[PDB]
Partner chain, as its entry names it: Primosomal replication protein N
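Quick heads-up: it's one chain on its own, the form deposited without its partner chain, in structure tokens.
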């Protein structure tokens, strides 16, 4: 009598044991229908089969039905999901079901209702592009990870297409991932045209039957290329030969609710498991990717080859609605010409800092010298790093001025205060934030990078009002995000024959990172920022895990996190290189009627930190408050 160890779609980090009735057989990765709870039945996925259970066998119930004779996961996806459930510390049943098409989550048959033998290659690459294609061509049957770095217009997409052509010429399949925002009509029609082979485009418009039909075609070899967003990483393939991740830095590859996986990292694990090349492409590569190049874990392939810009010093200026006087003037010049203007601000929920508008002084924690977070309503400064607290001072202590201003505020009523300064001028946001156009003069308000397929040809002035927020944020990654945005808009501004203008406002135009970025470029900024991350022992040079908790009384969550902190620190694996910081309020400390708190775990070794967390979680029942609180583990947070 075998025992099936079954994963169910429930938020418990365990499997559930069932007996197989005589005559019924099943294997790992097959779905089953099983009893669950008092008198309910659910679909589960068999994780393994053995002849034993931790419970007495006479306490086990029987599997009702086996749904699959062949598994619904290929090996490499199965190995990736089991590895990820452990590394992200997420319930195995939630991981496995989240990776399936909806119809298969529901228990329906994995069924509905070639190009290989005769592949026809249907173009002049430059030297640099041919070197890149050739390097991946020679690397085709073992694992290797490549950063393809080149500004927009340097020909990355043509390298991708030639690599794919070579992969299809081998009779192998390909996976192409693009950001959520990336599946444009032009992009898609481009791919489909180049390949005389079936291409499946997993775009968010697809209904569940079409998503299953594409899954089946990739699994059985009928589709040559699957193009999709972060979840396409779970696509089964018969014979996968390459993975391409376009725009590898984009934050849409990190899932930030439920299972918080990072598709970029999991795609590299998948390439290592399938023993194939993965190409990560970007005009503004993430620091962790540049760190992987410097450490020789990734290989670099570089592709190489005019807007007016002004940096405005805010110090002592008579601002109107957070806009420098000289910027207001420029905006009037462009608006009078019937052109459009984009203002970029920090993201809503940004945790503001406090600085002197006259001399530039920034409020800093005296204990640990990190920049303070300003809480205006409560007239408090609070340190996100060490949790110290001070009243807001009446005077700058460096110069004596009373003109202390918050930095990093979003479009807080700014729509209302911009209408006075620009009467009769329509105002409109452009952020994809729609709670889950083409004309003359207009002011556009943005808070993040535009999509690669998202252009506003009638914009001739971009203003960056997010500089101070980025530089003096309590989030160490904000400068990196700002550098990536700046490089995009500067590149987009007046690509040719359309004179563009970019204006940056800051109280610190001389800031050394900003100077490197503006006059030496992204790559130089990135080398400098990476060196500073290393000195500070921050990601990508150490590993971080944030434990986030919330409550309805501003007491349960910090108490639970204090206790979790002590339990972590008491781990037999906890050494001198482990830091556990906090508890501290989240950078958005309260949303709804909930208080949000966190601790940060930091270690140089990703695997050691994983083992420390594993030992802590095996003892989580030692902290009974763990069930009085909603809490999650966020491994490798992008915060």
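Numbering follows the first chain given and starts at 1.
- The modelled chain breaks between residue 305 and residue 306, where 4 to 9 residues of the deposited sequence lack coordinates.
- The modelled chain breaks between residue 436 and residue 437, where 10 or more residues of the deposited sequence lack coordinates.
- A summary of the deposited B-factors shows that, of 337-345 and 235-243, the stretch with the larger mean C-alpha value is 337-345.
- For the segment pair 76-84 and 502-510, the entry gives 502-510 the higher mean B-factor, averaged over Cα atoms.
- By the numbers in the PDB entry, the CA B factor is greatest at 490 among 290, 490, 99, 467.
- Reading the B-factor column for the CA atoms of 385, 552, 533, 190 in the entry, the top value corresponds to 190.
- Residue 42: CA B factor lies in the lowest third for its chain, per the PDB record.
- For residue 456, the recorded CA B-factor ranks within the highest third of the chain. Only modelled residues enter the ranking.
- The deposited CA B-factor of residue 48 belongs to the lowest third of values across its chain.
- In the PDB entry, a CA B factor belonging to the highest third of its chain's modelled residues is recorded for residue 573.
- Split the chain's modelled residues into thirds by C-alpha temperature factor. Residue 627 is in the highest one.
Not pictured, yet referred to below: the form deposited with its partner chain bound.
- Judged by heavy atoms within 4.5 Å of its partner chain in the bound PDB entry, the contact stretch among the candidates 266-274, 140-148, 356-364, 216-224 is 356-364.
- For the chain shown alone, residue 555 is not a contact residue for its partner chain in the bound PDB entry, no non-hydrogen atom being within 4.5 angstroms.
- In the bound PDB entry, its partner chain sits within 4.5 Å of a heavy atom of residue 400.
- Although the partner is absent here, residue 406 is a contact residue: one of its heavy atoms lies within 4.5 angstroms of its partner chain in the bound PDB entry.
- Within 4.5 Å of any heavy atom of its partner chain in the bound PDB entry lies no heavy atom of residue 438.
- 394 is the sole member of 296, 305, 394, 318 with a non-hydrogen atom within 4.5 Å of its partner chain in the bound PDB entry.
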